[PDB]
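In case you want the letters, here they are:
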There are 2 protein chains.
Amino acid sequence: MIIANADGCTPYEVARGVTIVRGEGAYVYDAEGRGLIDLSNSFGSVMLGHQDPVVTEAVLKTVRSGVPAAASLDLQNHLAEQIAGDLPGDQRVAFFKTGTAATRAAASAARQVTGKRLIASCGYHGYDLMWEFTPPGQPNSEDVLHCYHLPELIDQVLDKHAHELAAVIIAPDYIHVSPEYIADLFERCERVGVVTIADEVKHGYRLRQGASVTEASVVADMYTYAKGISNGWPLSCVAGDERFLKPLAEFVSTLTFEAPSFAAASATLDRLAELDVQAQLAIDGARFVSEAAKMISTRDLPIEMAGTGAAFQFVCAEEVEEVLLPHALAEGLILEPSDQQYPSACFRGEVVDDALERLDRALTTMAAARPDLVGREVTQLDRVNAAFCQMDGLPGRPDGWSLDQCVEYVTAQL
Amino acid sequence: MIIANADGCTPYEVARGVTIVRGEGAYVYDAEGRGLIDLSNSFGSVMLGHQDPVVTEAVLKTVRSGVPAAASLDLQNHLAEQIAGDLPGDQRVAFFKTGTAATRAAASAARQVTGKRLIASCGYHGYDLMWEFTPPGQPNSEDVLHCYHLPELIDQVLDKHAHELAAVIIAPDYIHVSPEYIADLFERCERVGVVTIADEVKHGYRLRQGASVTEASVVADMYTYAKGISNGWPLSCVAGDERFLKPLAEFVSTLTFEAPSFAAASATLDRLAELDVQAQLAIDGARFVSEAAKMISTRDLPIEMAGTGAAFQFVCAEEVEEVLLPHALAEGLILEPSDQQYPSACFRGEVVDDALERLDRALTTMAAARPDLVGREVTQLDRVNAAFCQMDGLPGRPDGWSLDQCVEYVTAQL
Ligand SMILES: CN[C@@H]1[C@@H](O)[C@@H](O[C@@H]2[C@@H](O)[C@H](O[C@H]3O[C@H](CO)[C@@H](O)[C@H](O)[C@H]3N)[C@@H](N)C[C@H]2N)OC[C@]1(C)O
Ligand SMILES: CN[C@@H]1[C@@H](O)[C@@H](O[C@@H]2[C@@H](O)[C@H](O[C@H]3O[C@H](CO)[C@@H](O)[C@H](O)[C@H]3N)[C@@H](N)C[C@H]2N)OC[C@]1(C)O
Ligand SMILES: Cc1ncc(COP(=O)(O)O)c(CN)c1O
Ligand SMILES: Cc1ncc(COP(=O)(O)O)c(CN)c1O
Ligand SMILES: [Cl-]
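Residues numbered from 1 in each chain as written, not as in the entry; some residues may be left out. Chains lettered and ligands numbered in written order. Heavy atoms only, no water. Residues with missing side-chain atoms left out of burial classes, pairs and counts.

**Q** Explain the interface of chain B and chain A to me, using residue names and the numbers behind them.
**A** Tallying the contact residues gives 78 residues for chain B and 78 residues for chain A. Taken together, both faces of the contact between chain B and chain A bury some 6,500 Å²; the carbon and sulfur share is 60%. A per-residue breakdown of the area chain B buries against chain A is headed by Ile2, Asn5 and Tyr127 of chain B, which together make up 12% of the total. In this structure, the connection of chain B to chain A is made through eight salt bridges. The shortest N-O distance in the salt bridge between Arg104 of chain B and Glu142 of chain A comes to 3.2 Å. (Contact = heavy atoms within 4.5 Å. Buried area = accessible area lost by both parts, 1.4 Å probe. Salt bridge = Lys/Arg side-chain N within 4 Å of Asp/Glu carboxyl O.)

The structure is reproduced here in structure tokens:
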């Protein structure tokens, strides 16, 4: 009502008809005491699980100490060392409170160093007007051009503007395109001498202990993190070469160095390593996705599974998704719509079996409630729409599509 | 070392030679167990005192519930009602995590509604490049003009640009200028139809239970808050008329609605009201400042007290400040340099007497260590420098100064 910015783009929208009051591990609990397996995890900000006991103990002890902001420089420096040590090369780290602040800061540093203004972008980099999507070839109000993960559109912007780009910022994604496809986007920009920013806000510390692009054989001038590093506490950063981080020396807020979020983040990174989280998720998520695909097949429902491990998606028509999501919720399974799912470290062992049993029940009630969906086919356009929702770009030019058709498609999505 | 943005602009710089490990009430404690009266309070973000028991209980219970982000819409809405109810008129509220994010968001909303780009500004609005100060008449890289709180420079920008300004953003201040002076800055802009943003990040909920400008008989289109509302937890907001808050509907981050900061803020506003904090600070701060002025006088030291209540300043030459601050620290009194002090709700009763006894001892050792300062005069330029540091602008045109001299002075400060 009176909150202006509580519309969409908030997690748990599927549950807006129920009341969530508690979270613990892989589960959240509604007002009636029912437990729901959570595959939203605050849009992937909770990588360890709700109320992780080590993170919580670290936060509680920091709160009880009352230590004020910007006094625990030892802890702050230790966290910067943790982050920099997981990236190849020599990095400095500048801390922020949201992913949007980190990506705008990285863009601002590129502008300061290069003396140029134009930025090219693939993917979603946050809510700031500078990241507002406009059609290909049309700079937005803050002089950002959007290329929708297509190498042909990157090539077009580089052909016309390589000499005047401050930077290219790319949010990687690997559900609908390969690591090699993503690496190719970075390398096109590197070959013409343009600064690169790997926006790892979503995938940093989710797919491996560090930046996802590192395993794609990419190195970038600057990296931005947020969701993976702090288990739901507001902390983000830009990590990158000294030349780009020096312009961020005065990019400080009163509470940049409030202590509880630093305690949470340092504990989170340690716990991710101790519990082998990303490698175990690769195993447990792959089991979930494989078994989910089998259950879908035996029921002839029009859903395809895409991705694996820590990042997978139920690919289907919007009409089908609008049935799957409530049926899953009725069986105690929270899914995010129009996006990947975001399992946490607690999505292991018996929890995966529990989630599959709930999905099994949901697919059965869905087939019985909506028998007209049984036998429906998943179309190319279904898959493209699902990819565009998840990665905010096209998964390469779809088969049989001209580049002009790609441009008209993305224009129609805005 | 490896943290890029831990240079200046962090609080507690006077204490960088000592190690602070605990905070409670009006005091912080170093590693050797010594208690120091804290007049920084994380640059004024702690308005209740460190480890306020009601705020801490609220935060601890929220952390222990594990409730994930954007599920406690009842608490989020309640906080928005609290904030909107303290402003005259009908406001909506958009939440952010830092004061910089709130002021950039307010500026962005003005740009969206008006379709104009240029912004005029008085004061410091955060670290973003859009708030980087440039000399009068020179737009910065994000099309912001700076007017340094001078009505003549506001008039110049309005004369040249009133028709194309998206908004004027003014950070009020009342130590070196009157409420009537500040009101005059807003009214010049209102008279020519330009959108006004009152940047209350520093003074909101500090000087009264709401926006400081309200008591100056000012109403603004949008208000920004941060330091006063959350006792050191990262939460800020834009509050304003529906027409300006509708463009901020999608200005959301993953953790915009993380629950612990909302629990802290709602508890903070309630505690400020229950403990009559701002009115009691007006009384206790006035006693401190009056008695400090008397102690300074009897020792003939070159310091003047400016302001009163919740916002006062030790006005002196930089050479003198560099002696006062360490001598105060040696007696267990933490002061911020080149700025106002920021007493909290715990700066009452016996704590004020304790602070005066410590200041008394510091003034004595300072006179004995540096007898050459005794009898030195405070100059007009000392006062102007102290004002420029504190309010990031000129306190009206100083006596005997031409406008050209004012412009050259501020240019030399950048
Ligand atoms: C229709 N136009 C839209 C525009 O609304 C806006 O879409 C965002 C969308 O990107 C956001 O998802 C993205 O970020 C999430 C947050 O962490 C990740 O979790 C998702 O993986 C990722 N896809 C969504 N949460 C909220 C939408 N508002 O940008 C794209 C556009 C094509 O221009
Ligand atoms: C020399 N040029 C400078 C420039 O550095 C930069 O100064 C800021 C200064 O405004 C910051 O104080 C301001 O905000 C604080 C934070 O809450 C309030 O507490 C202070 O009341 C308020 N005065 C200071 N904390 C850190 C400095 N870096 O903007 C102005 C300039 C003239 O352009
Ligand atoms: C890839 C990516 N980049 C940047 C952002 C912006 O981060 P935030 O929502 O914390 O402001 C997001 C949203 N989490 C994102 O998905
Ligand atoms: C008046 C005012 N406006 C805006 C800001 C920016 O707020 P933050 O440091 O939280 O980003 C500040 C700094 N606290 C400020 O003093
Ligand atoms: Cl922020």
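From this point, the narrative continues.
**Q** Run through the pattern of salt bridges, naming residues and quoting values.
**A** All names here are of chain B. Across all of its chains, the model carries 50 salt bridges over all chains by this definition. Between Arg208 and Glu215 there is a salt bridge whose closest N-O contact spans 3.8 Å. Look at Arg208 and you get partly exposed, because its relative accessible area is 22%. For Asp354, the salt bridge goes to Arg358, with nearest N and O atoms at 2.8 Å. On the criterion of helical spacing, the pair formed by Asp354 and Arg358 is a turn pair, its members being four residues apart in helix 12 (residues 350-369). Residue classification places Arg358 among the buried positions, given a relative accessible area of 12%. (Buried < 20%, exposed > 50% of the residue type's maximum accessible area, 1.4 Å probe, protein only. Helix = DSSP H or I, 4+ residues; strand = E, 2+ residues; numbered from the N terminus.)

**Q** Before we move on, can you summarise the site of ligand 4 with the specific residues and values?
**A** Around ligand 4, the neighbouring residues are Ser253 and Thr254 of chain A together with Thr98, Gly99, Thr100, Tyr124, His125, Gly126, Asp199, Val201 and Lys227 of chain B. Near ligand 4, the surrounding residues belong to chains A and B. One of the side-chain N or O atoms of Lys227 of chain B is found 2.9 Å from a nitrogen atom in ligand 4. Burial of ligand 4 by the protein chains amounts to 91% of its free accessible area of 390 Å². Its residues assigned to classes, the shell around ligand 4 comprises two nonpolar, seven polar and two charged. (Near = heavy atom within 4 Å. Polar contact = N/O pair within 3.5 Å; in protein donor to acceptor, adjacent residues only side chain to side chain. Areas by Shrake-Rupley, 256 points an atom, 1.4 Å probe, with all protein chains shown as cover. Nonpolar A, V, L, I, M, F, W, Y, C, P; charged D, E, K, R; others polar.)

**Q** I'd like a rundown of the sheet that holds strand 6 (residues 144-146) of chain B, residues and numbers included.
**A** Residues and elements named next belong to chain B. Strand order across the open sheet formed by seven strands is 4-10-9-8-7-5-6, with mixed pairing between neighbours. In this open sheet, the two edge strands, each paired with only one partner strand, are strand 4 (92-96) and strand 6. Direction aside, neighbouring strands of the sheet carry axes that sit 20 degrees apart on average. Contacting strand 4, strand 9 (222-225) and strand 10 (236-240), helix 3 (residues 73-85) crosses the sheet at an angle of about 120 degrees to strand 4. Strand contacts of helix 5 (residues 151-161): strand 5 (118-122), strand 6 and strand 7 (165-170), with the helix running at about 170 degrees to strand 7, the strand carrying the most contacts. (Pairing = 2+ DSSP bridges. Axes fitted to C-alpha atoms, helices over the stretch in contact; angles between N-to-C directions.)

**Q** Quick one: what's the story with the relation of the copies chain B and chain A, residue by residue and with numbers?
**A** At an RMSD of 0.0 Å, chain B and chain A line up after a rotation of 180 degrees and a shift of 0.0 Å along the axis. One copy is carried onto the other by what is essentially a two-fold rotation axis. Of the residues that chain B buries at the interface, 100% are likewise interface residues in chain A, meaning the two copies contact each other through the same surface. (Least-squares fit on C-alpha atoms.)

**Q** Help me get a handle on helix 6 (residues 179-191) of chain B, residues and values and all.
**A** All names here are of chain B. Look at helix 6: 18 Å from first C-alpha to last across 13 residues, which is about the 18 Å you get at 1.5 Å a residue. For helix 6, the elements touching its buried residues are strand 5, helix 5, strand 7, strand 8 (196-199) and helix 7 (212-215). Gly193, located one to two residues past helix 6, shows a positive phi value of around 85 degrees. (Expected span 1.5 Å × (residues − 1).)

**Q** Requested: an account of the site of ligand 3, with residues and values cited.
**A** By nearness alone, every residue bordering ligand 3 is listed as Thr98, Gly99, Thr100, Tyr124, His125, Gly126, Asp199, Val201 and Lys227 of chain A together with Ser253 and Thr254 of chain B. Bordering ligand 3 are residues originating from chains A and B. Interatomic distance of 3.1 Å between a backbone N/O atom of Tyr124 of chain A and a nitrogen atom of ligand 3. Here an oxygen atom of ligand 3 sits 2.6 Å away from a polar atom, N or O, in the side chain of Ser253 of chain B. Starting from 390 Å² of accessible surface for ligand 3 in isolation, the protein chains cover 91%.

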